[PDB]
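This report concerns only the one structure given below.
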Amino acid sequence: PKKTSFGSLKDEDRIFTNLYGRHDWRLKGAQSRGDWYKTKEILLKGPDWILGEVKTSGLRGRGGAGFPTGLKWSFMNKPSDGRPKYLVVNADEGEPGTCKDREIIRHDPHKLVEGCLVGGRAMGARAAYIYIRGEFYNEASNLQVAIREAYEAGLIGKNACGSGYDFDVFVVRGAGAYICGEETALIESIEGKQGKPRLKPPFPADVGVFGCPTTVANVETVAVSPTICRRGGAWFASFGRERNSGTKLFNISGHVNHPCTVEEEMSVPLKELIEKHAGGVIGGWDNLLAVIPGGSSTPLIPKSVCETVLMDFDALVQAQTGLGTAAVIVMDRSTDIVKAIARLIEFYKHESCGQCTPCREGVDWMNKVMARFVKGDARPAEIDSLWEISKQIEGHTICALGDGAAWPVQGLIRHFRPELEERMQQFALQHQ
Amino acid sequence: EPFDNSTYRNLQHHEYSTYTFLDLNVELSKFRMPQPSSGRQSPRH
Amino acid sequence: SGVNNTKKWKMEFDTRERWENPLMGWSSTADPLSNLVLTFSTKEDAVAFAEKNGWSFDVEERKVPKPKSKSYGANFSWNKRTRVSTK
Amino acid sequence: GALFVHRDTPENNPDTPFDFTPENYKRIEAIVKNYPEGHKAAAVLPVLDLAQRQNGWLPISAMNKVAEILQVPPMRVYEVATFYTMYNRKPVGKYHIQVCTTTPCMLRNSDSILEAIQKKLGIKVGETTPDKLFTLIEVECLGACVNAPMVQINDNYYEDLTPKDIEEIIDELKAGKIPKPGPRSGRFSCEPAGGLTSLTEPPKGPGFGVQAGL
Amino acid sequence: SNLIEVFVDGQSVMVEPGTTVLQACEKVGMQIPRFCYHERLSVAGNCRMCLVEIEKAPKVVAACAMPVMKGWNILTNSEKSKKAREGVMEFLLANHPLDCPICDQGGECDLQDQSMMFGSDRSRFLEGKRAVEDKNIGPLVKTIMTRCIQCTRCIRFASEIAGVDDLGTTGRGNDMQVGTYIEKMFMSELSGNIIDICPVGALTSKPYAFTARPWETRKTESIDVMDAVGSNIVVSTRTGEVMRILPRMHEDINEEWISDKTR
Ligand SMILES: Cc1cc2nc3c(=O)[nH]c(=O)nc-3n(C[C@H](O)[C@H](O)[C@H](O)COP(=O)(O)O)c2cc1C
Ligand code: SF4
Ligand code: SF4
Ligand code: SF4
Ligand code: FES
Ligand code: FES
Ligand SMILES: [K+]
Numbered sequence: 027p028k029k030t031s032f033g034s035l036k037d038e039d040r041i042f043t044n045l046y047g048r049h050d051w052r053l054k055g056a057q058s059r060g061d062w063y064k065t066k067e068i069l070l071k072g073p074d075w076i077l078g079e080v081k082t083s084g085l086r087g088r089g090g091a092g093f094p095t096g097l098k099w100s101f102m103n104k105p106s107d108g109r110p111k112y113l114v115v116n117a118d119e120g121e122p123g124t125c126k127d128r129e130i131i132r133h134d135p136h137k138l139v140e141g142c143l144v145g146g147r148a149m150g151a152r153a154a155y156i157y158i159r160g161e162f163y164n165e166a167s168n169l170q171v172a173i174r175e176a177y178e179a180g181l182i183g184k185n186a187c188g189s190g191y192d193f194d195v196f197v198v199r200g201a202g203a204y205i206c207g208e209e210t211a212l213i214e215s216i217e218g219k220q221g222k223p224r225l226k227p228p229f230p231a232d233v234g235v236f237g238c239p240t241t242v243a244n245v246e247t248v249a250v251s252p253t254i255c256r257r258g259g260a261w262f263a264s265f266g267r268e269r270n271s272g273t274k275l276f277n278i279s280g281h282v283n284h285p286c287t288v289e290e291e292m293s294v295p296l297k298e299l300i301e302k303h304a305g306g307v308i309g310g311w312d313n314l315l316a317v318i319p320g321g322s323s324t325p326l327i328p329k330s331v332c333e334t335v336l337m338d339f340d341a342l343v344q345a346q347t348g349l350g351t352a353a354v355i356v357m358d359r360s361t362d363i364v365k366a367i368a369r370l371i372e373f374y375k376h377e378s379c380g381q382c383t384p385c386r387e388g389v390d391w392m393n394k395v396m397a398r399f400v401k402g403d404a405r406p407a408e409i410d411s412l413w414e415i416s417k418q419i420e421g422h423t424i425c426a427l428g429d430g431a432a433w434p435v436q437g438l439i440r441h442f443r444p445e446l447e448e449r450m451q452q453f454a455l456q457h458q
Numbered sequence: 427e428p429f430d431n432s433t434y435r436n437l438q439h440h441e442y443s444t445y446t447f448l449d450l451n452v453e454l455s456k457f458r459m460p461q462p463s464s465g466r467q468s469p470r471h
Numbered sequence: 089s090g091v092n093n094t095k096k097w098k099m100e101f102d103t104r105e106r107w108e109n110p111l112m113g114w115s116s117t118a119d120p121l122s123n124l125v126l127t128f129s130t131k132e133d134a135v136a137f138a139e140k141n142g143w144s145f146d147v148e149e150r151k152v153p154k155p156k157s158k159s160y161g162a163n164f165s166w167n168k169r170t171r172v173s174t175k
Numbered sequence: 036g037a038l039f040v041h042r043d044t045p046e047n048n049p050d051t052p053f054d055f056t057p058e059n060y061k062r063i064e065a066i067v068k069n070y071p072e073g074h075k076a077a078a079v080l081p082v083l084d085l086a087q088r089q090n091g092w093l094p095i096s097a098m099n100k101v102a103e104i105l106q107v108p109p110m111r112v113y114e115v116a117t118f119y120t121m122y123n124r125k126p127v128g129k130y131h132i133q134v135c136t137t138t139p140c141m142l143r144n145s146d147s148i149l150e151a152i153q154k155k156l157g158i159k160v161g162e163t164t165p166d167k168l169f170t171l172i173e174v175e176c177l178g179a180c181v182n183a184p185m186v187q188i189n190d191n192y193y194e195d196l197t198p199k200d201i202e203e204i205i206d207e208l209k210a211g212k213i214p215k216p217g218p219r220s221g222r223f224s225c226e227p228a229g230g231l232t233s234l235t236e237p238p239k240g241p242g243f244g245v246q247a248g249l
Numbered sequence: 042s043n044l045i046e047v048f049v050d051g052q053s054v055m056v057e058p059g060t061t062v063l064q065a066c067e068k069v070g071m072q073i074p075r076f077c078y079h080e081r082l083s084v085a086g087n088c089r090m091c092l093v094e095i096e097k098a099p100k101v102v103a104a105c106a107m108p109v110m111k112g113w114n115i116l117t118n119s120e121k122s123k124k125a126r127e128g129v130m131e132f133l134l135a136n137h138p139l140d141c142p143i144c145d146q147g148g149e150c151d152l153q154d155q156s157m158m159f160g161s162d163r164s165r166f167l168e169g170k171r172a173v174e175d176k177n178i179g180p181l182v183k184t185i186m187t188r189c190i191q192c193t194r195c196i197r198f199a200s201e202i203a204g205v206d207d208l209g210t211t212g213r214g215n216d217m218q219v220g221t222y223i224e225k226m227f228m229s230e231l232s233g234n235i236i237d238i239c240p241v242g243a244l245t246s247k248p249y250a251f252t253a254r255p256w257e258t259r260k261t262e263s264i265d266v267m268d269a270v271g272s273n274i275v276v277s278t279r280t281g282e283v284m285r286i287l288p289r290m291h292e293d294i295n296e297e298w299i300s301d302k303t304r
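Protein chains in written order, with full-length UniProt numbering: chain A, 27 to 458; chain B, 427 to 471; chain C, 89 to 175; chain D, 36 to 249; chain E, 42 to 304.
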């Protein structure tokens with residue numbers, strides 16, 4: 027009744043069993059990979075069965091949400107209320123570090139659309155609007171090949187996988203705005219409006235895209251669905267600890283030996299994972315400065331604390347960092363951390379929509395004062411001010427991008443304070 | 427026939443056309459189950 | 089948009105003539121009572137002052153707001169036309 | 036310039052002639068068919084993308100044309116044009132160079148990618164080459180930070196670039212030859228240099244986890 | 042009935058379901074600070090100035106668009122609500138150009154009076170600012186877009202009320218600008234109304250511009266005659282002559298909007 031052997035998960039347990047597209051990445055080899063088999067029957071068996079399978083599995087918001095799959099699927103099962111319920115799968119993946127999903131749409135796009143049809147039965151809906159990013163035009167065509175055969179055999183559309191249920195999904199391209207990855211900025215892009223994040227209520231279960239109920243789930247939720255429903259939610263939940271269980275794609279990346287996309291088991295000590303994933307941090311963990319296993323909207327953790335932490339959603343936030351999409355970015359001693367957040371805050375400045383004020387001029391302010399940090403035109407008090415400023419932009423924003431702006435820089439203030447202290451002290455010291 | 431670990435089966439990542447998405451979409455228009463009527467032609471209508 | 093001024097009744101009068109000064113051009117007036125904006129908590133107290141020193145007076149009703157039925161979920165809809173094109 | 040206001044340019048103003056091709060006319064009919072009736076304004080995003088790809092950059096006369104055929108107010112489709120990143124409001128070169136210099140990709144020494152490309156072209160980041168081929172603008176990642184440094188060229192992005200490799204592929208593009216996009220190594224997408232931790236054993240077949248009437 | 046009792050900051054009052062928090066606050070008399078919300082206009086929830094902390098919650102609730110629940114204590118004067126108020130208020134005011142003596146909104150500016158009550162007493166900004174190109178539309182309304190706080194009230198009062206597509210929000214982030222992109226001249230019959238809805242001097246009246254200021258004017262109310270409607274209006278005599286016309290609120294005849302030919 028225990029799984030102390032956290033780690034060492036093989037390809038047969040990875041949800042995207044062909045995440046590198048080595049053998050017939052399309053659905054033609056996927057029906058030989060397990061999915062599309064016995065799929066309409068579990069679909070027709072029960073909408074609450076579908077959420078039961080995802081609840082027994084227990085995937086929680088691996089696309090930076092921390093929300094259990096069972097919870098968001100269960101809020102949906104309300105009977106058809108005339109307005110046409112849909113699904114929407116966030117495939118923007120524009121966060122710096124989020125690239126594991128970009129690989130699987132090129133390699134496992136079948137489970138993307140198969141997860142929609144089985145997941146879509148859970149609310150009794152009729153169609154869906156997968157939002158693959160504009161830079162992912164190659165991904166979009168790969169979905170299109172996957173969806174055409176699904177339409178042709180009835181797997182998607184009317185008679186879903188041969189069950190008589192009418193459920194489809196239209197693949198539409200993006201325009202490379204990272205904000206459109208927000209669960210609320212996603213709505214406007216689908217219905218043809220500037221991607222300015224909306225507010226809740228109305229919730230996805232209530233008015234959403236086109237003013238009707240529609241799930242806005244990540245790549246994983248549909249992608250895992252064929253694997254954690256037919257093969258078994260208990261099979262996935264067998265790996266991993268309580269709540270945070272199973273395996274997720276790890277985006278070991280950054281200045282590391284072998285930056286790869288590995289779907290190793292989750293809820294594992296982070297130490298030996300990225301020590302074995304990319305053959306270890308390039309130059310070693312000793313030469314390493316700070317790995318960020320959550321990605322952009324996640325606090326950087328200093329090298330010493332990276333040596334002693336588990337990467338699950340619980341344990342990482344115990345270390346005050348986020349895990350989000352498991353975008354494991356590595357950055358070592360040679361590069362200066364203030365320069366790291368320099369490019370990070372610059373990305374946030376170019377992705378804010380300016381809808382809500384605290385993010386609009388706020389993310390502008392972080393870049394400006396941090397720009398002084400990099401050269402060193404500040405004072406130790408100004409470090410406190412930017413932390414105080416980061417407190418003000420925390421929470422007060424419409425969406426979590428402003429909150430997502432705080433987490434990386436806020437972690438710096440608590441963790442790499444002396445590194446910032448020497449950064450702006452040197453500028454004035456040798457200026458005189 | 428069997429699984430091979432040293433091929434880029436997704437050569438589409440390297441070869442495509444200028445219009446890829448929509449010529450496949452006009453093919454998608456074949457099934458494209460009819461969408462529910464909203465009554466009005468648009469919010470202004 | 090502030091509202092913390094429409095809460096009191098006031099005693100104000102009729103405006104007499106305002107002839108420009110032969111010099112630089114100040115608005116010379118001979119209406120001593122014109123600059124007599126008083127304050128009143130309620131109209132009943134307002135008329136009480138008016139009748140106590142009997143003065144030719146008229147009434148006016150307190151401008152009362154109406155109920156703004158606001159629903160942010162309405163701003164997005166499927167068969168309802170209150171959908172907003174830009175926030 | 037990043038000036039989001041129309042300064043009534045002599046050529047790219049309403050006087051510009053725009054015509055959807057009859058092939059594109061039925062193609063955009065398919066775009067409209069994708070979205071439900073009563074909300075057909077949803078096509079302001081892809082039809083504008085068609086209007087761009089049809090005429091290289093996206094002309095303003097297209098922005099006026101797309102307004103009426105999609106029965107939307109002009110200001111609305113202007114908003115889509117002015118926000119959604121690339122959406123070139125001004126004329127763009129043949130190869131829309133999008134240098135990914137964001138933090139994970141910058142940490143992998145994409146800086147040398149930016150400056151060497153900017154230097155070998157001579158032109159600064161921004162304006163296009165005199166032969167209207169390459170126009171380089173620093174942008175954030177296309178979605179491949181798992182991969183080594185990355186640059187989006189024209190409509191295609193190259194991965195696993197090297198401070199030496201990135202020049203070679205694009206001077207080939209300058210000379211007309213078109214190298215294939217993707218990682219510029221044995222890496223198909225991002226496989227580890229040491230080995231293949233993922234997809235080493237054959238994938239599972241059918242018939243797994245049969246829960247009674249599964 | 043279905044009326045729901047809510048213990049706003051103590052005192053408990055019933056209210057119809059679906060009613061947002063502001064209507065509950067003003068039901069008592071709590072004038073909650075707001076910029077992007079006007080009574081007869083769609084909700085934006087953008088300024089984040091009406092952020093007030095609700096009891097038993099780890100996050101500050103956006104009172105603008107949020108409906109009220111079965112029993113809630115609106116922490117009006119709590120430190121968390123005031124901290125949220127202070128953070129966003131200096132945020133709007135940060136990039137605001139230093140032209141209060143120049144801008145006509147002086148003395149009738151929400152951004153001014155709100156900072157007096159709900160505001161700091163100093164600054165913490167050390168960097169530069171952002172200046173916006175002044176969009177030129179109309180010989181009747183003046184636009185100083187550097188002063189705009191992007192509350193988008195103009196665009197909503199345009200598309201919903203005037204029913205005409207005139208203004209946009211071109212740009213993105215700090216560089217997103219309210220305007221027409223391509224140059225135009227917004228021309229509605231009620232075009233002279235966005236001047237009053239504008240919380241700042243971003244949009245002002247050209248003829249009245251640089252002519253008179255609040256404390257000089259002695260407002261006198263009357264009705265419009267240019268139309269058979271008879272719109273209630275406010276006259277702005279300063280020293281023996283009329284400066285500007287304000288649309289007195291009465292609902293039935295004209296609400297608080299008057300057409301150009303009357304103002
Ligand atoms: C600032 C921000 C950016 C996001 N960007 C993306 C993105 O690019 N792609 C994506 O799939 N989800 C993105 N998300 C996550 C979505 O908001 C949302 O969690 C998703 O639709 C459902 O995730 P889940 O299925 O893990 O619950 C982002 C979230 C935030 C707060
Ligand atoms: S926080 Fe930023 S991205 Fe989110 S709504 Fe506000 S301005 Fe837009
Ligand atoms: S709008 Fe701006 S410049 Fe004008 S009075 Fe108000 S704060 Fe001052
Ligand atoms: S111009 Fe005025 S009304 Fe319009 S968004 Fe700016 S501040 Fe608001
Ligand atoms: S980091 Fe270079 S592609 Fe996103
Ligand atoms: S007034 Fe409620 S958010 Fe702007
Ligand atoms: K104004």
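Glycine included, every Cβ here is placed at the ideal spot set by N, Cα and C.
| said: Between the alpha carbons of A:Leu427 and D:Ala77, how many angstroms are there, rounded? | reply: 24 Å
For A:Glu372, collect the residues of the same chain with a Cβ closer than 7 Å to its Cβ; drop the 5 residues on either side in sequence, then sort them by chain order. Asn393
>> Are there any heavy atoms of ligand 6 lying less than 7 Å away from the beta-carbon of E:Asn87, as far as the coordinates show?
In response: yes
So which residues on chain G does A:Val395 lean against when the C-beta distance must stay under 8 Å? Of the chains in the structure shown, none is chain G; the protein chains are A, B, C, D and E.
| said: Given the structure, does D:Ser145 come close to ligand 5, in the sense that its CB is under 7 Å from one of the ligand's heavy atoms? | reply: yes
- [ ] Check the C-beta distance from A:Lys375 over to A:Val400 and give it rounded, since I have them as a contact under 8 Å.
- [x] Going by Cβ atoms, the distance from A:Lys375 to A:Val400 rounds to 14 Å, so no, they are not a contact pair.
(Q) Please report whether the beta-carbon of E:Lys100 lies at a distance below 8 Å from any beta-carbon of chain A. (A) yes
**Request:** Report yes if the CB atom of A:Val197 is closer than 8 Å to the CB atom of A:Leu169, and no otherwise.
**Result:** yes
| message | Only counting the same chain, and skipping five residues up and downstream in sequence, which positions put a Cβ closer than 8 Å to that of C:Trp114? | response | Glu108
Check: If we ignore side chains and look at the alpha-carbon of each, how far apart do E:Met107 and D:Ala179 end up?
Finding: 38 Å
Check: Can A:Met292 and A:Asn270 be called in contact, C-beta distance under 8 Å?
Finding: yes
Along the chain, where does the alpha helix (DSSP H) that runs through A:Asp127 open and close? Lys126 to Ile131
| query | Excluding the five sequence neighbours on either side, which residues of its own chain have a C-beta within less than 6 Å of the C-beta of A:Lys126, listed in chain order? | reply | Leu275, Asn277 and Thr287
Checklist entry - CB of E:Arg188 to nearest heavy atom of ligand 3: below 7 Å? => result yes
* Using a Cβ-Cβ cut-off of less than 9 Å, give me the residues of the segment 57 to 72 of chain D that come near chain C, in sequence order. => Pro71
Fill in: Which of helix, strand or coil DSSP assigns to D:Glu58
helix
Notebook entry, point to check: How far does the alpha helix (DSSP H) with D:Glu46 in it reach, from first residue to last?
Noted result: D:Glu46 -> no alpha helix (DSSP H), and no H or E assigned at all.
Next on the checklist: I believe D:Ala183 touches A:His284 by the beta-carbon criterion, under 8 Å. Please report the beta-carbon distance rounded to the nearest angstrom.
Outcome noted: The pair is not a contact, with the Cβ atoms about 10 Å apart (cut-off 8 Å).
| Partners in chain A for C:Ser165, counting only beta-carbon separations shorter than 7 Å | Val233 and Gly237
Check D:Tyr192 in the structure and name its three-state DSSP category.
strand
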